[PDB]
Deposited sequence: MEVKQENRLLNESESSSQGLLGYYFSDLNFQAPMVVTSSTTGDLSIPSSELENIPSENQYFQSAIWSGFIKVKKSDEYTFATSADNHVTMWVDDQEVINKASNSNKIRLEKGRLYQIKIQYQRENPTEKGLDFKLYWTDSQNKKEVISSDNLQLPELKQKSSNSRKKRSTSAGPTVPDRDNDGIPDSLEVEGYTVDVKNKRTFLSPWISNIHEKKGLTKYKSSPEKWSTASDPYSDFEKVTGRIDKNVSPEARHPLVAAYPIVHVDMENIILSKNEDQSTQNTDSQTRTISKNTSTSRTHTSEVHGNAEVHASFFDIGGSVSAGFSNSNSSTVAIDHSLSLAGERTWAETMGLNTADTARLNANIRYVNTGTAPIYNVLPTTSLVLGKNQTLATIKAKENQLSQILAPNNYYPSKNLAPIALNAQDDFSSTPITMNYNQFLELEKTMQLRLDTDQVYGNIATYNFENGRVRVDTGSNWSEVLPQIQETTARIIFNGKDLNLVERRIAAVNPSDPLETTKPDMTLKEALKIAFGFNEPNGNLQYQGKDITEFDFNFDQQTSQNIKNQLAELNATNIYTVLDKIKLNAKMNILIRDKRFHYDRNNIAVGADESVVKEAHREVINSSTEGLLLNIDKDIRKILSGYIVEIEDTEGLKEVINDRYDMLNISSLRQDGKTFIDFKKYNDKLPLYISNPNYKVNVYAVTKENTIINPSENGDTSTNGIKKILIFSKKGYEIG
């Protein structure tokens, strides 16, 4: 369906103004006027055309080639003229299982009909003539290298289509701007016209005529826009200016700690004394940063999960010479734009700033599924990976010594550093028109070039998680790079993140761009500052269309509502923001609160503190422990219930006097206490908390 001959249709007689670039499955190379909706009626007259590709014969014979316009045609087979402005009865021997280059040129001055009715025929020795079938035709080898059987360049005889990078799109089209128009059976590539295409809302593409892949990634500009590409590649990365490459980090879902057995203790019948905790993991970025690394930071839930208030050593019976080990459930996460097939990158589990506790590896070439973009390995419909799997004898115990154990208890955090080793790439093959994992193609050969020639934007508009995209961008100092189209900050956001302009105001999912901040690495900031000064602009938000991106820029764009830590994880928000987010009270009673809270807001809250304030201003805190804040839960209808009874010995609030108040406070992640105070205090005393509800007993009901 994606196979056949490649056709170039021109409105001039000398192959200079290409109007349509498309492919035909069979020897019918015709384009009826009905398919020329995206072309000015003036430009629907084709005075010249060129087709190229390959013919494969299934049975050796003497073949005579012909077209419907022999008098206007010159045709070459393997550099050999077989038709030249006249019908030829000349027969050529073709051998089964061999591939022959085809090149066909056509010229007709002042056509009276729009479009083109053109067919290519062959005749066998038995005198059977027919339009050359689809099984006998193949596309040209539009790659950076030849196949063993398919040469990547067409014959020198005759006119050479101008395709400096051999991606299939004519030089002039990549520079000037092109659109791709969907048909049922094929794709038309056509010059951009401002009046006709803008009204349609079609995408205007520009690419480098000297870069087979303009984003320096492993898919060609032509492959991208024609759909001759891995279906798992992200939609935005079908734009020639958006890089398609995997981005992987590890998500830890929960953890279990246990004392390591030792040679001195022959007793293995003791009661289980393990410590199990949920965890939350966020990919992180570490002014903006210029390093291309994959890391995530894990937050271990501090809420009490066991009876008593013992130390971990007390709970697990660890003496000072004992060691402990950790088992966790994880998934790999691809937040990039291309899938991973045969390799999962290697991960270090790190405690503190530099300690490494484990090296996490999967079996190469044994993956149970693809790791697709915006997806997980294993899929969320399947069980996660246990670091120590029950079906595997040889999982390395992830062991900590006593002091490391204490440090983990004291910090309640781990780090997962993941390398960028992603294995082989599924590429398109023009010989069979299918996508397959290619042993000859590897991500480690592409990533450095992608990193060197693109601008990086990291954006958290999607659920406050950091998502990185790379957009092809000029490097003034690199001549090859200069050819690529100017990339503006505005265009970048539209094509890479799906920002849209419904009212002429740039928005992401309904949020104006002004609801996000801009942060840059030191060099990018100085660059952007100079651009603004040159533009005489005081406000970046009003000149996004005029701010030009360059290769190696690093841009960080964050939701303004939130406070961010050094890892750019959202950890809090302004008091007024938090208070406003809690203004919609659906229901209140002595058992709790029912509210509609923004999903993003919920993300930065570690919990709630509930208190009764008597008439004299004194306060009874019902959930009086740092580790008892976890009293909120998300209902099925997306509403939040704050549970007064949970840490009130399962009893609703007793309010002695209707004039007393019930005050509820939110505690943000950055204000969360994770360990008892040095004084040993475990109360909520001193916890920075935000009042989000206060009603008297008689107001509550």
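Numbered from the first deposited residue, the unresolved ranges run 1 to 15, 302 to 321.
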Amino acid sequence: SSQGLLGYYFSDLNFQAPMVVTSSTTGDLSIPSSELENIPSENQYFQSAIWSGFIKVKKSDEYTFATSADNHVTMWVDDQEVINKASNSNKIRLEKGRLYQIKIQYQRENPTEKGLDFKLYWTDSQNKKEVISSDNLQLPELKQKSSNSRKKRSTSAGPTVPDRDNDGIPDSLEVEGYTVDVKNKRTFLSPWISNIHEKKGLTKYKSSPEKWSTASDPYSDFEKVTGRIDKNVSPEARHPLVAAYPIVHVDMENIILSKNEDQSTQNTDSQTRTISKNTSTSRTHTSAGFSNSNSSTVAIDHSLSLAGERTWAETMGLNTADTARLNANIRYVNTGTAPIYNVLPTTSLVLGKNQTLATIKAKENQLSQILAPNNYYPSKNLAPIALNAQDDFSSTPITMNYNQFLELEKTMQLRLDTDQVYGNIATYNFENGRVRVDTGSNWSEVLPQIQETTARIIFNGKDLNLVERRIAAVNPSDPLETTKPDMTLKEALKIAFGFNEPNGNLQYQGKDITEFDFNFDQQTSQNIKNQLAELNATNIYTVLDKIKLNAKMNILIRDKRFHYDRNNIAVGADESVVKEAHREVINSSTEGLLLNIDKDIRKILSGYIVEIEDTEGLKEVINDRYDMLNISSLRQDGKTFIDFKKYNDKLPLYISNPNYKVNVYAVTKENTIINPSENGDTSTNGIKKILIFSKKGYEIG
From here on, numbers count along this sequence of modelled residues.
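The PDB entry reports B-factors from which the mean C-alpha value can be compared for 191 to 199 and 479 to 487; the larger average falls on 191 to 199.
When 497 to 505 is weighed against 344 to 352, 497 to 505 comes out higher, by mean CA B-factor as recorded in the entry. Per the PDB entry, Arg98 shows the highest C-alpha temperature factor of the residues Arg98, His239, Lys552, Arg558.
When the C-alpha B factors of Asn403, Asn254, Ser220, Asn148 are read from the deposited coordinates, the top value falls at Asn148. In this PDB entry, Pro209 carries a Cα temperature factor that places it within the lowest third of its chain's modelled residues. Compared with the other modelled residues of the chain, the Cα B-factor recorded for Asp78 ranks in the highest third. Ranked by Cα temperature factor within the chain, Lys669 sits in the lowest third according to the deposited record. In this PDB entry, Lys546 carries a Cα temperature factor that places it within the lowest third of its chain's modelled residues. Remark: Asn429 belongs to the middle third of its chain, ranked by C-alpha B-factor as recorded.
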